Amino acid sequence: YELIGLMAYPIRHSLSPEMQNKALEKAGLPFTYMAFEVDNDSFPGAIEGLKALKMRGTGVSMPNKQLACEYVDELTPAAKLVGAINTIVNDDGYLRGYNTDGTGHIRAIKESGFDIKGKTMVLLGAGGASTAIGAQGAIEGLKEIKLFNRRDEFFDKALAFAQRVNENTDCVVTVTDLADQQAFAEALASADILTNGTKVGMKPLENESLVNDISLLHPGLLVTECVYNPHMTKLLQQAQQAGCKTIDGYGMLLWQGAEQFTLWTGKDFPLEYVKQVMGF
């Protein structure tokens, strides 16, 4: 019976413990998932314990996702471009880091029956979610990433990000300011998919979308949301509008968790049962 952890501060918020523990039980796997209060100062010590105690792995979240990069042996092509991970797997002393937010959101897409090979994505954000999604999307075959980020702390992260993807991928990424309501509207027109990776659409701001008009969207478009609180973001409302195919936050949240599960467990995630149980 091995231990799988969550290293973060705070942790009161996490849905991972209930989610993983429930998939683990309804499959009779010998693993337990426990959250632990861990910031940057205690993280090195915690990784030390993960090895000495022979834990199976641990989920990683704020504020250690970037720092955790320095404590693993093997990062993934995508992780390397993101510069952050949320999952560590201990393979008998050997530690491999991954970013399941990205694979999860992308997986959610391939699962709706949409191919991302050769498509153009219009990405909103450059934070943790956005860059993870962009990175994995580029590595699975995206032709273009029309990233739109404003003049805040993240713009420069966008460039370097755009920088890395270009330097090691076949994908072309362009960063463009989000107040340019036009080169954007036209960006949305060249796109097959629109992905919201911004906090916009979440409580308090459960009433604000990054797309002014509804006519800026089009019917054959796929719009994906990272926000799962609530279920129907303003952006998802404007989408169901234009007749767009939609994918919600619980999509990225469920598949992301399946990825960690299979990574630690080796078995398939009772995705179906967990969706029930968590009340989605």
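Numbers follow the displayed sequence, beginning with 1.
* Asked: Which of the two stretches, 248 to 256 or 228 to 236, shows the higher mean Cα temperature factor in the record?
  -> According to the PDB entry, the answer is 228 to 236.
* Identify the stretch, either 45 to 53 or 239 to 247, whose C-alpha atoms have the larger mean B-factor according to the entry. => According to the entry, 239 to 247 carries the higher average C-alpha B-factor.
* Peak C-alpha temperature factor (PDB record), options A78, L178, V89, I106 -> When the deposited C-alpha B-factors of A78, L178, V89, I106 are compared, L178 is largest.
* Given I139, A191, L210, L95, the residue at which the Cα B factor reaches its maximum -> Of the candidates given, the C-alpha B-factor peaks at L210.
* To do: Sort the modelled residues of this chain by their C-alpha B factor and say whether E111 lands in the lowest, middle or highest third.
  => According to the entry, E111 has a C-alpha B-factor in the chain's middle third.
* To do: Could you say whether, by C-alpha temperature factor, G125 belongs to the lowest, middle or highest third of its chain?
  => Ranked within chain, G125 CA B lands in the middle tercile.
* Lowest, middle or highest third: where is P17 by C-alpha B factor in its chain? -> For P17, the deposited C-alpha B-factor lands in the lowest third.
* **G102 - Cα temperature factor, lowest/middle/highest third of chain** => Ranked within chain, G102 CA B lands in the lowest tercile.
* Asked: Among the modelled residues of its chain, does the C-alpha B-factor of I214 lie in the lowest, middle or highest third?
  -> Highest third.
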